[PDB]
Every structure is written in C-alpha cells, then in structure tokens.
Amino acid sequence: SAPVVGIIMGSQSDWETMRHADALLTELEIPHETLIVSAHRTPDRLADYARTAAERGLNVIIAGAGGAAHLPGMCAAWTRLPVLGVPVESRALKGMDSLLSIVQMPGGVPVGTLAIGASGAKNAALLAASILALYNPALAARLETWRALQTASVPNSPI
C-alpha cells in the first residue's frame, strides 16, 4: 500500500505526459505517489523530497520536466535511489533541450533517461517495474505477462 515509486513532475503542464507513467504503474498494481515538484520554483521542496525518499520506503523515482529540465538530475543529487528522467516535449525545441538537460549528467550522479514525451513516461514506469521485479516475484510475473501481451498483440499486417 505504501508507495515504492515516486512520480514527480516540474508542473501541472507536464501531467499530460507523466499521466502515462501513472497509468502504467497502476496497471501493474505498483503502489506509488504522484506529485508536482519544481526544481526552480520549489527547490527546498525538491531537496526535502529527494533526501527523505529512501527513508519513506521509495525504491525508484520517476522525474519529468521540460526545457532546462533539471528536476531529474537535482533529485538524483540528493538521493541514492535510482532516478529515471522523462524529457517532456517543449514547445519550441520539441524536448531536445529537455533531453540534453537530463541525459548529459556528468559522471557521479546518474539519471536513467527515457524517450521524449509520452513514450518515455510510459517506459519510465516499465523500467521502474523491471527494477522492482528483481525482488518482487508476484510483480515479476505480472510484468512478464504485460510484456508477453504486448508482443502477442502486435498485428501481423496493417489495417
């Protein structure tokens, strides 16, 4: 019941994208929390969230932001937990700024980065699941079923 994954996003505007991570976790029955945490507008809220994440029982953090997307990196700066970053597609640069701001982390503080947009949000949740599955047999089985269904469902020819 207690969340094992924390989904944080820099703004309400990122929800359209991050909701895909939320849906996936719920689908796999992975207890999680979904919050808005701005690296620039609420820096202390972020520091506190990242510092206490482990203590609170969180295993993985999924962070999404657009533009100069510093949320994932700064969260990883304060936590030893694995942090997965989702580049939100920005208006002008289409997430290229989001992508480079997240993936190009110097050695020492990692952020496992996923694709720009909804696909990345969905994959961040799937990656968090594959991580949790390493020590949760029941979830490991549900994830196997999910992957098997994805594979089996692909049509053989276009409509």
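Numbering starts at 1 and follows the sequence shown.
Enquirer: Comparing 116-124 with 48-56, which stretch shows the greater average C-alpha B-factor in the deposited entry?
Expert: So the stretch with the higher mean C-alpha B-factor is 48-56.
Enquirer: State the tercile, meaning the lowest, middle or highest third, of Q150 with respect to the CA B-factors recorded for its chain.
Expert: Bottom third by C-alpha B-factor.
Enquirer: Which third, lowest, middle or highest, does the C-alpha temperature factor of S13 belong to within its own chain?
Expert: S13: CA B-factor falls in the highest third of its chain.
Enquirer: Among the modelled residues of this chain, does the Cα B factor of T26 put it in the lowest, middle or highest third?
Expert: Answer is highest: the recorded C-alpha B-factor places it there.
Enquirer: What third of the chain, by the recorded C-alpha B-factor, contains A76?
Expert: Its C-alpha B-factor, which the entry lists for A76, ranks in the middle third among residues of this chain.
Enquirer: Using only modelled residues of the chain, where does the Cα B factor of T34 rank: lowest third, middle third or highest third?
Expert: CA B-factor rank for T34: highest third.
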